Amino acid sequence: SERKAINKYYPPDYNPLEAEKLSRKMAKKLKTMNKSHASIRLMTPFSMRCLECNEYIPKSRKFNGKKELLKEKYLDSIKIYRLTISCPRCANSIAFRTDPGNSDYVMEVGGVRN
Amino acid sequence: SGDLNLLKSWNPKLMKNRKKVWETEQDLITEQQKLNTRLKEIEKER
Amino acid sequence: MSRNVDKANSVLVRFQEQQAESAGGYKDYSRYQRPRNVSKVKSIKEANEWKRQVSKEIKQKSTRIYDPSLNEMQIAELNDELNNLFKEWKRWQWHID
Amino acid sequence: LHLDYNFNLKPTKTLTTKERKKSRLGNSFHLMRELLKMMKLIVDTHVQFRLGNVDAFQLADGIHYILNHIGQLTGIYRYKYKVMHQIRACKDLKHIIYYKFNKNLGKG
Amino acid sequence: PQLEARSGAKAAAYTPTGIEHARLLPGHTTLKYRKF
RNA sequence: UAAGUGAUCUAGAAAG
RNA sequence: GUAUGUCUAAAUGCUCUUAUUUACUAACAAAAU
RNA sequence: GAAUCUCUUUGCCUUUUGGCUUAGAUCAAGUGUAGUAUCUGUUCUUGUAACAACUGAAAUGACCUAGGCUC
Ligand SMILES: [Mg+2]
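Residues are labelled from 1 along each chain in written sequence order, independent of how the entry numbers them, and those without coordinates are excluded. In the order they appear in the text, chains get letters beginning with A and ligands get numbers beginning with 1. As shown, the structure covers only some chains of a larger assembly, and all values describe those chains. In computing side-chain values, all of the structure's heavy atoms are included and hydrogens and water are not. Residues with missing side-chain atoms are left out of burial classes, side-chain pairs and their counts.

A. The overall build of chain B, seen in detail. Secondary structure assignment for chain B yields one helix and zero strands. In terms of principal-axis extent, the alpha carbons of chain B reach across some 60 × 10 × 10 Å. In DSSP terms, a helix is any run of H or I states spanning at least four residues, a strand is any run of E spanning at least two, and both are numbered starting from the N terminus.

Below you can see the structure in the form of structure tokens.
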């Protein structure tokens, strides 16, 4: 019952491998886990303007974003991500990408950096 | 605390990620160099 | 597994759900995505549940689309979504029984 | 939060935060649980003895172990840490008793 | 904001709870007295 | 001619 | 200290991949020779 | 003289604010630290003739008191 709980109770018949298999079988059917744009909490490094309503969301402002994987990676084996945000006033989907060549981000049809 | 993003995997400005990127570049770069030289040699031969 | 979703789709929970389904017949038709092609659902109860779910979805869609910033494109998009939902509902009202 | 029949309580799933908040039992309930566990352990040993499973001497030894090892055997001390004094006392007794008891006889 | 100051406190009487408070437990049942 | 005996704290769980 | 809130009418088995994690959480804490 | 309406000034008006704390703290950080959680595809699904038998189903509505014949 307590966040540092050592052992979760299992039923008396719990073939772990079998259980895993079952879960897998019922993971394609599952709504969540079988989808993109999984949530995340992030502060905004770019400090940018929301292109619709010009709301000047500043640096380090916290948002409940959606992180999604971009299939087209950078180079070969180092992934890059789309990080969706909403502007506070108008609900326009701002987002950005993390191209690690410059050790920084790229704006993605959301707003503009300034 | 201040800047949250600093405690995220996806954040590229995180140092680990940067290191990884560098490693990737370094390996790939080395490969390119190896191939580049070969290419040059071939050109010379031609 | 912070933020609850992870917890929900943690293996143990899934296993529990499966067990429930097996013995007694507790499904959560909220939890699984509704199937695209009907007529791969021989049971009636399941079909009914699916229909209910779609109705709920439609209702949800309706509730949001009358929001004050009406000129925004999301609402417009939903209008098509709403239509789709309606169509789905209609389909679910098939005449096998 | 499922109870074992040994009284070790622990959670079924991993609890969401709201659930966790709801379901944090406190220093009373946990203490009670611990007590119950202890009871079971002594009672369990006697049950075993009654059944052909374990000798009288063995049973006695088991009981002794339980009483000394309350501390390790089951968390009371966690929830009420003045049981620590009791534990210490028990340990002391064991030290004394064992030294008296294993004089000419060896360690075991 | 709602970080707000105040105007007045309160005192309203409900049905008692019947809870065994720690301090409320008995203690110093004997009252002392003066000499006269 | 006489050294070298003994004094031995502790001790973890929750939430934040 | 893993926030939160509104919203709810009453295909089947199969196998193969691993020397990893699209992992998530930051309420917690912050210095040199 | 009395009734009323319109404007200006004075009075009355939010000529502007409902807490405390180290101005609450900081405009900085390869972070550290604690916790919580599991994944990749590919597939299985005989004809012809003769003899014996039937000539026709389903829908809802027209009669009588769910049942019974007719259209
Ligand atoms: Mg607090």
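B. A look at unusual backbone geometry. All names here are of chain A. Unlike most non-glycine residues, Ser 60 shows phi in positive territory, near 70°. Positionally, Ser 60 belongs in the loop between β3 (56–57) and β4 (62–69). At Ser 103, a position not held by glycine, the phi torsion is positive, near 55°. Looking at the element boundaries, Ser 103 is found in the loop between β7 (96–97) and β8 (106–107). The rule is simple: take the accessible area with a 1.4 Å probe, protein chains only, and divide by the maximum for that residue type; under 20% is buried, over 50% is exposed, in between is partly exposed. Residue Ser 103 is classed as partly exposed on the basis of its relative accessible area of 21%.

C. Layout of the protein's contact with RNA strand H. Every one of the 22 residues lining RNA strand H counts as a neighbour, but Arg24(A), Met15(B), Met1(C), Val11(C) and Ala5(E) are closest to it. Here RNA strand H approaches the protein such that, of its atoms within 4 Å, sugar and phosphate make up 65%. At 2.5 Å, a backbone N or O of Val11(C) approaches a phosphate oxygen of RNA strand H. Within the side chain of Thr14(D), an N or O atom sits 3.4 Å from a phosphate oxygen of RNA strand H. Secondary structure elements with two or more residues in the surface near RNA strand H: α1 (16–25) of chain A together with α2 (11–22) of chain C. Note on terminology: near, applied to a residue and a molecule or strand, indicates that one of the residue's heavy atoms is within 4 Å of it. Residues adjacent in sequence count toward polar contacts only when both atoms are side-chain atoms; beyond that, a polar contact is any pair of N or O atoms within 3.5 Å, and within protein one must be able to donate a hydrogen and the other to accept it.

D. Representation of the pairing of β4(A) in the model. Residues and elements named next belong to chain A. Should DSSP find at least two bridges between two strands, the strands are regarded as paired. Judged from the six bridges that link them, strand β1 (residues 38–43) and β4 form a sheet pairing that is antiparallel. Bridging across to β4, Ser 39 finds its partner in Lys 66. For β4 and strand β5 (residues 81–86), the ladder comprises four bridges, and the chain directions are antiparallel. Counterpart to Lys 67 in the pairing with β5 is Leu 83.

E. Representation of the nonpolar core in the model. Nonpolar cores are built from buried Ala, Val, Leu, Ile, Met, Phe, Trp, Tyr and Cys residues. Side-chain atoms within 4.5 Å join them into one set. In this structure, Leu42(A), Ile94(A), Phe96(A) and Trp10(B) are the most contacted members of the largest nonpolar core, which totals 17 residues. Listed by contribution, the elements that provide at least two residues to this core are β1, β2 (48–50) and β5 of chain A. The greatest single-element share of this core, amounting to three residues, is contributed by β5(A). The contact definition used throughout considers only heavy atoms, calling two residues in contact when any of these lie within 4.5 Å. Once residues within four sequence positions are removed from consideration, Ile94(A) is found in contact with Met48(A), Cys50(A), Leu83(A), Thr84(A), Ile85(A), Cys87(A), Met107(A), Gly110(A) and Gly111(A). In terms of nonpolar packing, the next biggest core, distinct from the first, is built from 13 residues, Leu30(A), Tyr29(C), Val54(C) and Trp92(C) among them.

F. Region of the structure containing the interface of chain B and chain A. At the interface, 16 residues of chain B touch 20 residues of chain A. Here the nonpolar group is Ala, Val, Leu, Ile, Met, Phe, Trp, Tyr, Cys and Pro; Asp, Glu, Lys and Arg are the charged ones; every other residue, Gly included, is treated as polar. Across the side of chain B that touches chain A, the residue classes break down as five nonpolar, five polar and six charged.

G. A look at the layout of surface pockets. Site definitions follow a grid-based scheme: protein atoms alone, a 1 Å grid, a 1.4 Å probe that fits but cannot get out for cavities, and for pockets an open set with protein on both sides within 12 Å along at least five of seven lines, plus lining residues having an atom within 4 Å of a point. Grid points are joined across faces, edges and corners, and a volume is the space filled by probe spheres set on the points. Its volume calculated, the largest pocket comes out at about 430 Å³. Lining the largest pocket are 21 residues, with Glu2(A), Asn8(D), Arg33(D), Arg78(D) and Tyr79(D) sitting closest to its centre. Secondary structure elements with two or more residues in the lining of the largest pocket: β2 (9–10), α2 (27–50) and α3 (56–73) of chain D. Per-class residue counts for the lining of the largest pocket are seven nonpolar, eight polar and six charged.

H. View of the state of the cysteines. All names here are of chain A. Our working definition of a disulfide is a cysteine sulfur pair at a distance within 2.5 Å. By the definition in use, this model includes one disulfide over all chains. A sulfur-sulfur distance of 1.8 Å marks the disulfide that ties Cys 53 to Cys 90. A torsion of -80° about the S-S bond marks the disulfide between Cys 53 and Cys 90 as left-handed. Here the residue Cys 53 occupies a position in the loop between β2 and β3, and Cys 90 occupies one in the loop between β5 and β6 (93–94), the gap between them amounting to 37 residues. Overall, the relative accessible area of 26% leaves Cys 53 in the partly exposed class. Summary of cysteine pairing: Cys 50 is not part of a disulfide, and the nearest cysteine sulfur, belonging to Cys 87, is at 3.0 Å. Relative accessible area serves as the criterion here: at 0%, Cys 50 is assigned to the buried category. Judged by relative accessible area, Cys 87 falls into the buried class, the value being 4%.

I. Spatial organisation of the packing of aromatic side chains. Two rings from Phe, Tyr or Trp (for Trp, the six-membered ring) form a pair when their centres are within 6.5 Å of each other. A pair whose planes differ by under 30 degrees is stacked, one over 60 is edge-to-face, and the rest are tilted. Applying the stated criterion across every chain yields a total of six aromatic pairs over all chains. Taken together, a centroid distance of 4.6 Å and an interplanar angle of 65° make the contact between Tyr14(A) and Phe15(C) edge-to-face. Of this pair, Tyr14(A) sits in the segment before α1 while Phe15(C) is found in helix α2, placing the two residues in two different chains. Accessibility expressed as a relative area gives 11% for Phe15(C), which makes it buried. Where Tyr29(C) meets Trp50(C), the ring centres are 5.0 Å apart and the plane angle is 85°; that geometry is what we call edge-to-face. With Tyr29(C) in the loop between α2 and α3 (44–65) and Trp50(C) in helix α3, the pair connects residues that are 21 residues apart, well separated along the chain. Residue classification places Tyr29(C) among the buried residues on the basis of a relative accessible area of 12%. Through successive ring pairs, a cluster of aromatic residues spans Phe46(A), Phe96(A), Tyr105(A) and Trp10(B). When the NZ atom of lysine or the CZ atom of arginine is within 6 Å of a ring's centre and also within 35 degrees of its normal, the charge is said to sit over that ring. The ring of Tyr98(D) has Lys94(D) lying over it, and the distance from NZ or CZ to the ring centre is 4.2 Å.

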